[PDB]
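Chain by chain, the residues run as shown.
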Amino acid sequence: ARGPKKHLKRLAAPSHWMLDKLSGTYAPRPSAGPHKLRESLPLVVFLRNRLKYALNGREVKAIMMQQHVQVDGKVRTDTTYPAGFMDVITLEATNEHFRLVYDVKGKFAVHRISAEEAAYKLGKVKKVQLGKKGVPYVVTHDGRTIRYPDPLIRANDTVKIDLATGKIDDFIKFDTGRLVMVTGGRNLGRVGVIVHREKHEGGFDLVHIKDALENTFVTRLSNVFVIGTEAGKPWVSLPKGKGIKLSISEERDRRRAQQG
Amino acid sequence: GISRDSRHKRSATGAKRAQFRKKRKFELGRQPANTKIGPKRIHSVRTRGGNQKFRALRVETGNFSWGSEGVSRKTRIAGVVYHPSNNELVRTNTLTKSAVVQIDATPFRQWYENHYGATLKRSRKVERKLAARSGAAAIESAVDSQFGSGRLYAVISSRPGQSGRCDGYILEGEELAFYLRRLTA
Amino acid sequence: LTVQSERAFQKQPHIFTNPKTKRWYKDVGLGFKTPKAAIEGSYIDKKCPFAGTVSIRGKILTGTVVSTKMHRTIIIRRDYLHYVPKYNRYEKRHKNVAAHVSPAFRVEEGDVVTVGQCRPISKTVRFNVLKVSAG
RNA sequence: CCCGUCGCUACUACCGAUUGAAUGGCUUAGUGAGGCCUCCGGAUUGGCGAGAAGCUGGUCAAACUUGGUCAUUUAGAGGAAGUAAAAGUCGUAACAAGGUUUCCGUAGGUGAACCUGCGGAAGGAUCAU
RNA sequence: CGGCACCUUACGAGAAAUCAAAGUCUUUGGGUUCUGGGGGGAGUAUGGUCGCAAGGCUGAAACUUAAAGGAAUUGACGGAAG
RNA sequence: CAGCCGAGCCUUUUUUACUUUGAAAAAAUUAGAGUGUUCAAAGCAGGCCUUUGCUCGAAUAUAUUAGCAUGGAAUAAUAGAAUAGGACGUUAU
RNA sequence: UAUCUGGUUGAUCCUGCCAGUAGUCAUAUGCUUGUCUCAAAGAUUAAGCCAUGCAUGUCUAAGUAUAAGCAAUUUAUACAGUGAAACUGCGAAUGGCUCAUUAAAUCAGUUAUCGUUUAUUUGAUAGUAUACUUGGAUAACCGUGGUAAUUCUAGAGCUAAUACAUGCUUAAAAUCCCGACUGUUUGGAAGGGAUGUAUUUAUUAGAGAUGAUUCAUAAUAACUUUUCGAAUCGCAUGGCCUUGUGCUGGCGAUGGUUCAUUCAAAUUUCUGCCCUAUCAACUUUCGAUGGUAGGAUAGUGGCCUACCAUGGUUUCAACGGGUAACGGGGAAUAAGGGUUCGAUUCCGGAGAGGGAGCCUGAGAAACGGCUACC
RNA sequence: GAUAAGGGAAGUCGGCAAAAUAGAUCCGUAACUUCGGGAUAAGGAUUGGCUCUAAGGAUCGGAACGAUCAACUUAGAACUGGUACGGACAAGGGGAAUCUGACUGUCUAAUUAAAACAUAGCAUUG
Ligand SMILES: CC[C@H]1CN2CCc3cc(OC)c(OC)cc3[C@@H]2C[C@@H]1C[C@H]1NCCc2cc(O)c(OC)cc21
Ligand SMILES: [Mg+2]
Ligand SMILES: [Mg+2]
Ligand SMILES: [Mg+2]
Ligand SMILES: [Mg+2]
Ligand SMILES: [Mg+2]
Ligand SMILES: [Mg+2]
Ligand SMILES: [Mg+2]
Ligand SMILES: [Mg+2]
Ligand SMILES: [Mg+2]
Ligand SMILES: [Mg+2]
Ligand SMILES: [Mg+2]
Ligand SMILES: [Mg+2]
Ligand SMILES: [Mg+2]
Ligand SMILES: [Mg+2]
Ligand SMILES: [Mg+2]
Ligand SMILES: [Mg+2]
Ligand SMILES: [Mg+2]
Ligand SMILES: [Mg+2]
Ligand SMILES: [Mg+2]
Ligand SMILES: [Mg+2]
Ligand SMILES: [Mg+2]
Ligand SMILES: [Mg+2]
Ligand SMILES: [Mg+2]
Ligand SMILES: [Mg+2]
Ligand SMILES: [Mg+2]
Ligand SMILES: [Mg+2]
Ligand SMILES: [Mg+2]
Ligand SMILES: [Mg+2]
Ligand SMILES: [Mg+2]
Ligand SMILES: [Mg+2]
Ligand SMILES: [Mg+2]
Ligand SMILES: [Mg+2]
Ligand SMILES: [Mg+2]
Ligand SMILES: [Mg+2]
Ligand SMILES: [Mg+2]
Ligand SMILES: [Mg+2]
Ligand SMILES: [Mg+2]
Ligand SMILES: [Mg+2]
Ligand SMILES: [Mg+2]
Ligand SMILES: [Mg+2]
Ligand SMILES: [Mg+2]
Ligand SMILES: [Mg+2]
Ligand SMILES: [Mg+2]
Ligand SMILES: [Mg+2]
Ligand SMILES: [Mg+2]
Ligand SMILES: [Mg+2]
Ligand SMILES: [Mg+2]
Ligand SMILES: [Mg+2]
Ligand SMILES: [Mg+2]
Ligand SMILES: [Mg+2]
């Protein structure tokens with residue numbers, strides 16, 4: 001109606017932000033950016049609701065206006081900047097590096113990483129095509145455009161971005177046996193290897209994935225993210241739980257043993 | 001104003017539809033350019049997204065292509081001789097797309113004679129180059145005959161009310177024979 | 001029946017036959033075979049899936065032809081059972097879908113055709129015939 | 001026990017001359033603001049250009065008058081009902097073979113119930129000679 | 001074999017009278033058409049349609065009302081029989 | 001030892017409907033796990049010997065016609081070889 | 001809690017309703033009311049009418065400061081701190097409210113854009129065949145005012161830009177066309193033009209992507225009331241000597257073409273809406289269904305025009321009428337199946353007294369914008 | 001025999017007389033009905049001139065095509081003018097009701113044309 005919306009009602013916010021109902025009428029509307037609104041995590045949510053460094057939105061803005069927060073090695077001062085999957089957030093004042101990777105419960109884990117691993121990131125190739133003057137380029141899942149990619153790189157592949165020069169270190173071809181994290185649907189956050197890709201021309205290709213505990217699930221290729229060349233060899237540190245889904249009874253047993 | 005919405009029509013079953021909402025700006029139309037022949041007069045139109053369209057209200061010349069020869073030249077437009085949509089556009093000389101027009105033949109005759117040497121003082125190398133181009137210099141009879149009148153048949157390919165250009169290609173082959181039959185009747 | 005029956009010359013756009021007739025066609029994909037009447041024919045149809053500029057994408061439907069009285073357009077009847085949960089039973093219902101048929105196909109009322117979705121090519125036509133089974 | 005005219009009171013709805021009345025939507029025709037596009041125009045104002053008022057023809061089209069139609073309310077002399085109230089007048093049609101068995105369809109007649117003809121039914125007063 | 005019926009019983013049904021279907025229905029489902037939803041107002045008013053007409057078919061509402069009704073029992077009564 | 005499902009071989013070995021499973025399916029609301037808001041309605045908190053910090057969480061089901069993908073072939077439809085214009089010859093001429 | 005009870009009779013068993021009974025995230029009202037937590041609330045009738053006040057403004061070191069403003073003399077005689085007024089930019093198209101219209105419409109789930117526009121964010125992307133830096137306006141300001149009256153403004157005099165309008169600076173080749181001369185068996189050539197990117201055609205690759213394209217991209221010939229390839233702003237001030245205002249250069253603001261991305265938008269496939277036949281035929285003059293060409297649009301499309309066919313929907317309920325009808329998530333009650341409700345905390349739609357038309361802008365047919373009628 | 005400001009039947013027994021309407025094309029058309037009508041109901045729009053366009057045929061030739069010849073009808077468009085145009089002529093006013101005769105028809109030549117006569121239909125008589 002006459003133009004873009006600028007507000008986000010609290011109840012209409014993505015559920016994986018884990019916002020409380022009664023704290024207010026509105027929720028942080030993520031800005032336009034590398035990641036989609038529904039699949040992002042604004043820095044205000046990360047710094048106040050997750051890390052609890054800031055006590056309120058005034059404080060998260062005070063933190064970010066002092067140039068502390070970096071996303072993918074670049075300073076961001078937008079409190080609603082849409083950080084997303086595989087993004088690296090650096091707070092060198094506290095000497096902390098985080099990567100936004102889904103945990104098996106469907107949420108963005110607070111996943112601390114070493115400084116050496118915080119120097120790169122992975123990106124799922126969305127499309128490969130030719131730019132002006134016949135220069136090929138790759139579009140990753142976070143909207144990055146890398147020119148002159150390896151001519152072997154195709155869609156659904158994973159590239160390793162140097163994240164300081166923006167170049168491609170090396171890549172992983174999408175194929176059977178590759179380590180995968182699921183980035184959408186009800187299997188979001190699970191980690192396994194590709195068992196069989198079932199093609200459907202004009203429809204949605206389906207990928208069969210086997211967990212490390214030999215559990216098999218099916219998910220859309222659009223929800224499939226290659227993160228490693230084989231089982232047990234991920235190119236990034238996995239969050240606690242290793243993307244292994246436990247039943248609610250198993251979780252209850254594990255909590256009973258963990259707590260006594 | 002002019003609206004392109006489908007709400008005002010009656011359904012495929014014939015039922016009249018009730019009025020759903022007021023006319024929206026993203027479904028507007030505007031008025032035809034009705035391009036004539038005369039000294040160039042072009043008005044810009046501010047379109048959706050801040051883009052620009054050009055209403056050619058009057059044009060004299062255009063870019064016309066000889067497809068077989070692979071050459072394009074800017075030439076005057078003499079008049080509209082045939083229009084498959086409405087004969088009143090022929091009567092009033094209104095330039096739209098797919099209008100059959102007569103264009104000045106001089107730039108193409110000049111290119112042809114300079115390129116091949118025939119009709120419709122040189123060095124030895126130039127004469128040899130022309131001799132090499134010979135054999136391919138024989139064109140269709142129906143096209144050759146027009147050069148006597150100095151005016152070639154062409155069909156407008158651009159949309160003058162959209163781009164401000166009145167461009168086209170020279171009629172050839174069975175398409176030319178088709179419109180020749182249409183003209184003579 | 002002649003190809004050049006209109007006030008304008010009928011031809012495929014930007015397909016040039018140099019005098020000093022070349023036909024363009026394409027396969028529509030989704031495992032549908034291009035009829036040889038399209039590869040080898042002479043009709044001109046901008047709305048044909050195989051020789052025209054339309055593309056097949058979206059839904060693939062099948063139905064029974066109930067009308068061929070329009071030029072290059074048919075109406076197919078799709079029969080289905082609608083479930084009424086209160087009575088735990090069904091009722092017969094139907095919907096009429098208008099589809100474009102290219103001259104590469106010959107259809108009569110009673111045939112079963114497979115139509116693929118295309119861009120709106122008329123007020124009521126959004127489907128375009130891809131396959132015909134005689135009835 | 002009980003039926004119907006007739007008489008009193010009250011209420012509800014109906015028909016009804018009045019080419020009755022009022023309110024709202026849609027619409028033919030006529031008239032038609034205004035914007036937009038276009039056509040000239042050329043106050044004045046920079047060095048051929050910019051350009052206001054206005055003008056031509058279109059386009060979208062509010063709004064008014066008449067007519068038509070749809071819809072919702074409402075008056076009415078008089079006419080003809082229904083119900084409630086009390087069991088007032090006249091009779092006694094039904095319930096017993098209710099004193100002419102009753103009832104149905106149909107058609108005449110008549111203060112009223114009703115009576116009569118024709119053909120049916122038993123829900124008969126006969127499951128039977 | 002087909003009919004028109006009848007007699008007995010009640011497995012069974014039914015409120016009962018009664019019913020070989022009015023049974024095989026709370027142990028509820030063989031197929032299918034029509035009709036009813038307390039008594040009146042009322043098969044009336046209105047609109048439509050058929051009819052020469054008489055009328056047929058379709059068909060309300062306001063209002064009013066605590067019963068109306070079915071089968072059977074005992075008694076009372078009968079210008080019914082014994 | 002029986003029983004219950006799944007298999008795999010050997011025995012001459014066209015269109016649906018239906019049903020299974022899956023993918024994708026907003027939150028709030030509903031059901032429901034955890035959690036002494038002093039109880040509760042709620043909320044999504046919270047807990048640790050008292051912490052220049054450590055640390056469980058924020059589950060899970062349901063949606064249901066339609067569409068998509070999928071396993072099954074009972075039940076109910078549909079088509080085929082009758083003027084043969086029928087089927088196979090994979091390397092038949 | 002898968003429940004019933006009173007009323008027809010002298011008594012009986014039924015049919016059957018009336019009455020009783022409980023709940024309501026269901027309203028009103030009467031009587032009554034001590035505490036804690038939580039909390040709806042001018043929807044219904046009148047999308048009826050409104051006094052008054054407020055509800056949308058906005059400046060960083062980084063667009064423009066000669067305030068005849070304040071403040072201090074300081075690294076500063078171009079300015080330098082702070083800072084009204086104005087110009088410029090952006091926002092005002094979000095939010096909030098309401099439910100009048102609306103019955104294949106909205107909406108829900110599910111699709112599509114190989115059918116389009118997209119400010120902004122985020123990635124990429126431009127050496128292209130007067131320069132030590134171009135002009136002339138205007139506001140604020142000063143002072144002359146006119147009107148009873150308004151967020152009215154008029155003459156005259158100044159003056160700025162990231163406002164407005166223009167304009168150069170550059171690699172190395174190489175390729176193509178014309179071609180004086182020349183070689184003279186067809187080669188060499190002086191001299192002229194053209195190369196980036198946008199626009200619009202025509203003709204060629206496309207035998208890297210897609211299920212699929214006339215896709216991406218490239219090439220040839222031209223075209224264009226010629227798009228833009230920075231005449232901008234703050235802080236630091238470094239390096240090389242050929243010590244000349246010499247040559248070079250660090251972190252940033254803002255901006256810019258195209259592609260991608262994101263926030264969106266517009267159309268769009270399939271199936272699904274309550275009562276009514278005392279609504280059975282409807283649509284098609286003057287678009288109804290389809291074909292061809294065009295116009296218009298951001299783009300598809302009878303969206304509109306011209307010509308041509310005679311089509312399209314319907315007892316599987318079309319069309320018409322009613323709705324005390326915005327749709328859905330949901331709500332009440334509930335053995336199961338159901339019945340009833342949903343103006344209303346979220347999502348979609350629509351409207352801003354009734355209509356209609358527009359300006360600006362990426363975005364509005366906007367109403368705390370304008371124009372006209374009622 | 002014409003015309004007439006403003007009003008518009010107030011005139012008169014009474015709209016008597018006059019006026020208004022009028023051709024053609026297209027649109028639209030109620031009650032009632034003996035279903036045939038009512039009906040030109042009512043009520044609207046257009047119409048000139050000029051310049052064009054389209055459609056509608058015949059006979060020959062072996063042909064969905066050529067040759068030759070030919071009549072005025074209809075439809076559309078542009079332009080044009082003191083908005084005029086069935087330009088003179090020609091040419092319905094209309095509607096709602098009551099009484100009455102069914103209708104077409106007939107008579108009092110020279111004061112009455114009617115509701116009178118006749119009529120079809122119905123009935124009676126010889
Ligand atoms: C010279 C002839 C005219 C003269 N004008 C002068 C103006 C005038 C104006 C009038 O009014 C404006 C008017 O009113 C009537 C009459 C006149 C007379 C009438 C006369 C002819 C006429 N005479 C009497 C009757 C009659 C019969 C006919 O057969 C007939 O045919 C030839 C004609 C006549
Ligand atoms: Mg809003
Ligand atoms: Mg796809
Ligand atoms: Mg059925
Ligand atoms: Mg109505
Ligand atoms: Mg009696
Ligand atoms: Mg009697
Ligand atoms: Mg007697
Ligand atoms: Mg008697
Ligand atoms: Mg008698
Ligand atoms: Mg007698
Ligand atoms: Mg018996
Ligand atoms: Mg019997
Ligand atoms: Mg009843
Ligand atoms: Mg009783
Ligand atoms: Mg209200
Ligand atoms: Mg409210
Ligand atoms: Mg309401
Ligand atoms: Mg109001
Ligand atoms: Mg209301
Ligand atoms: Mg209303
Ligand atoms: Mg913004
Ligand atoms: Mg088109
Ligand atoms: Mg078309
Ligand atoms: Mg309907
Ligand atoms: Mg409403
Ligand atoms: Mg409720
Ligand atoms: Mg609702
Ligand atoms: Mg509702
Ligand atoms: Mg609602
Ligand atoms: Mg609500
Ligand atoms: Mg809302
Ligand atoms: Mg609006
Ligand atoms: Mg308001
Ligand atoms: Mg208004
Ligand atoms: Mg507003
Ligand atoms: Mg408005
Ligand atoms: Mg307001
Ligand atoms: Mg007078
Ligand atoms: Mg007068
Ligand atoms: Mg008058
Ligand atoms: Mg008078
Ligand atoms: Mg008088
Ligand atoms: Mg008098
Ligand atoms: Mg008198
Ligand atoms: Mg007279
Ligand atoms: Mg008339
Ligand atoms: Mg007479
Ligand atoms: Mg006489
Ligand atoms: Mg006499
Ligand atoms: Mg007389």
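The rules behind these values
Residues numbered from 1 in each chain as written, not as in the entry; some residues may be left out. Chains lettered and ligands numbered in written order. Part of a larger assembly, values for the part shown. Heavy atoms only, no water. Core = buried A, V, L, I, M, F, W, Y, C linked by side-chain atoms within 4.5 Å. Buried < 20%, exposed > 50% of the residue type's maximum accessible area, 1.4 Å probe, protein only. Helix = DSSP H or I, 4+ residues; strand = E, 2+ residues; numbered from the N terminus. Contact = heavy atoms within 4.5 Å. Near = heavy atom within 4 Å. Polar contact = N/O pair within 3.5 Å; in protein donor to acceptor, adjacent residues only side chain to side chain. Nonpolar A, V, L, I, M, F, W, Y, C, P; charged D, E, K, R; others polar. UniProt positions renumbered as here; feature names shortened; annotations may be inferred. Patch = residues over 30% accessible without salt bridge, like charges linked within 9 Å, V, L, I, M, F, W, Y side chains within 5 Å. Areas by Shrake-Rupley, 256 points an atom, 1.4 Å probe, with all protein chains shown as cover. Salt bridge = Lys/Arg side-chain N within 4 Å of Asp/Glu carboxyl O.

What the entry reports as its method is cryo-EM, with 2.45 Å given for the resolution.

J.: How do you make sense of the nonpolar core when you look at a structure like this?
T.: One recurring pattern in soluble globular proteins is that nonpolar side chains are buried together. Counting residues in each nonpolar core, the largest one holds 39 residues, and the members touching the most others are A:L43, A:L47, A:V69, A:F85, A:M86, A:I89 and A:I227. Those elements that place two or more of their residues in this core are helix 1 (43-50), helix 2 (57-65), strand 2 (69-71), strand 5 (88-91), strand 13 (179-182), strand 14 (191-198) and strand 17 (224-230) of chain A. A per-element tally of this core places helix 1 of chain A first, with five residues. Apart from the residues lying within four places of it in its own chain, the contact partners of A:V69 are A:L43, A:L47, A:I63, A:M64, A:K74, A:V75, A:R76, A:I89, A:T90 and A:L91. By size, the runner-up hydrophobic cluster in this structure holds 34 residues, among which are B:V71, B:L95, B:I139 and C:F9.

J.: Would you explain the protein's contact with RNA strand G in this entry?
T.: In the neighbourhood of RNA strand G, 157 residues make up the surrounding shell, with A:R76, B:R4, B:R133, C:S67 and C:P120 lying closest. Of what RNA strand G places within 4 Å of the protein, 77% of the atoms are sugar or phosphate. B:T13 places a polar side-chain atom, nitrogen or oxygen, 3.0 Å from a phosphate oxygen of RNA strand G. Along the lines of polarity and charge, the residues of the surface near RNA strand G split into 38 nonpolar, 55 polar and 64 charged.

J.: Sorry if this is basic, but what is going on with the arrangement of the chains here?
T.: Sorting the two pairs of chains in contact by contact count puts chains B and C at the top. Spatially, chain A and chain B are disjoint, and the shortest separation between their C-alpha atoms is 10 Å.

J.: Quick question: what am I supposed to make of the UniProt feature "binding site: Mg(2+) 2" (unreviewed entry) in chain B here?
T.: Under the UniProt annotation, the feature "binding site: Mg(2+) 2" (unreviewed entry) is placed at B:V90. Position of B:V90 among the secondary structure elements: in helix 1 (residues 87-92).

J.: Just checking my understanding: could you explain a nonpolar patch on the surface for this structure?
T.: On the surface, C:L81, C:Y83 and C:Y90 cluster together into a nonpolar patch covering about 340 Å² of accessible area. Turning to its location among the elements, C:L81 is positioned in strand 2 (residues 73-84).

J.: What am I meant to see in the pattern of salt bridges here?
T.: Opposite charge on two side chains permits pairing when their charged atoms draw close. Using the criterion set out here, one finds 21 salt bridges over all chains in the structure. Between C:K11 and B:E175 there is a salt bridge, and its shortest N-O distance comes to 3.8 Å. With C:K11 in the segment before helix 1 (36-39) and B:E175 in helix 6 (residues 173-184), this pair bridges two chains. Exposure remark for C:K11: the relative accessible area of 37% places this residue in the partly exposed category. Between C:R77 and C:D79 there is a salt bridge, with the nearest N and O atoms lying 3.1 Å from each other. The partly exposed category is assigned to C:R77, whose relative accessible area is 33%. Through salt bridges with shared partners, a single ionic network connects A:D72, A:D87, A:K121, A:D142 and A:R144.

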